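# Remarks on the overall topology
The residues making up each chain are set out below.
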Amino acid sequence: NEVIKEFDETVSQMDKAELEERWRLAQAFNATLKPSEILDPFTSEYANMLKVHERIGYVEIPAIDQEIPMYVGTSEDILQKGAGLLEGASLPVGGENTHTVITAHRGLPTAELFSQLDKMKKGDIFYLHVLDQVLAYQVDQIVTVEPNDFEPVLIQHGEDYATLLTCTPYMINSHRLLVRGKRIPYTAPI
């Protein structure tokens, strides 16, 4: 809402060369990221090039009428206000051999957040708005796993993936719902 408008307003006032340089720095990070143990979020400075007044963009999910601001990390402060980029995952700038993981609560009293993520189906398309770029991902896999069974958020060579992660069943939170999309061609209108 206000936060998303503010983000896009700020970006539109930024220097084209700086936007380009920031983007390449994110790509460099994604090109050199080593596999690491990725923990369940519910129970740094490395993304600084993406930060615009602490936000790194937003995730747009037309299937559930959501546009949710994104931040770095999964602390409770972050998750009370938007979605968080998971520690150890790729930055949300795409590229071959990348897998970004974006997490949000299955609803809060005053924001639906990922409450309706269970409504998403294979073929649905969601969009990551990062700096002045918009990256489209099409849902190709939906699984629910125990917090201990987290292999599906790992980097797969040759692919460009983005997973939306929340808790499930609603209010029972015994498991995690992972909605995986694969990059499809899309560029924001100029």
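Residues numbered from 1 in each chain as written, not as in the entry; some residues may be left out. Heavy atoms only, no water. Residues with missing side-chain atoms left out of burial classes, pairs and counts.

For this coordinate set, the PDB header names X-ray crystallography as the determination method and states a resolution of 1.70 Å.

As annotated in the PDB entry, the protein carries the name Sortase C and comes from Streptococcus pneumoniae. Per the PDB header, the title for this entry is "The crystal structure of Streptococcus pneumoniae Sortase C provides novel insights into catalysis as well as pilin substrate specificity".

### A look at the sheet that holds strand 8 (residues 175-184)
Using the following cut-off: Two strands make a pair as long as DSSP finds a minimum of two bridges between them. Only runs of H or I of at least four residues qualify as helices and only runs of E of at least two qualify as strands under DSSP, and these elements are numbered from the N terminus. Helix axes are fitted only over the stretch in contact, all axes being lines through C-alpha atoms; the angle between N-to-C directions runs from 0 to 180 degrees.
Read once around its circumference, the closed barrel built from eight strands follows the order 1-2-3-4-7-8-6-5, with strand pairing classed as mixed. The average undirected angle you get between the axes of adjacent strands in this sheet is 30°. Note: strand 7 (residues 160-168) against strand 8, eight bridges, orientation antiparallel. Considered in strand 8, the bridge of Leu165 is made with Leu178.

### Concerning the UniProt feature "active site" (unreviewed entry) in the protein
For clarity, the cut-off: UniProt positions are given in the numbering used here, feature names are shortened, and annotations may be inferred rather than shown by experiment. Relative accessibility under 20% of the residue-type maximum defines a buried residue, over 50% an exposed one, and the middle range a partly exposed one, all with a 1.4 Å probe and only protein chains included. Contacts: residue pairs with any heavy atoms within 4.5 Å of one another.
Mapped onto this numbering, the UniProt entry annotates "active site" (unreviewed entry) at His105 and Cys167. What stands out for the annotated residues spanning 63 residues is how close their C-alpha atoms remain, the widest pair being 6.8 Å apart. Within the secondary structure layout, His105 lies in the loop between strand 4 (98-103) and strand 5 (125-130). You can call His105 buried: its relative accessible area is 14%. Excluding its chain neighbours within four sequence positions, the residues that come into contact with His105 are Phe42, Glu76, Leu79, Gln80, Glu112, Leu113, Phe114, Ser115 and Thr166. Within the element layout of this structure, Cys167 appears in strand 7. The exposure class assigned to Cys167 is buried, which follows from its relative accessible area of 6%.

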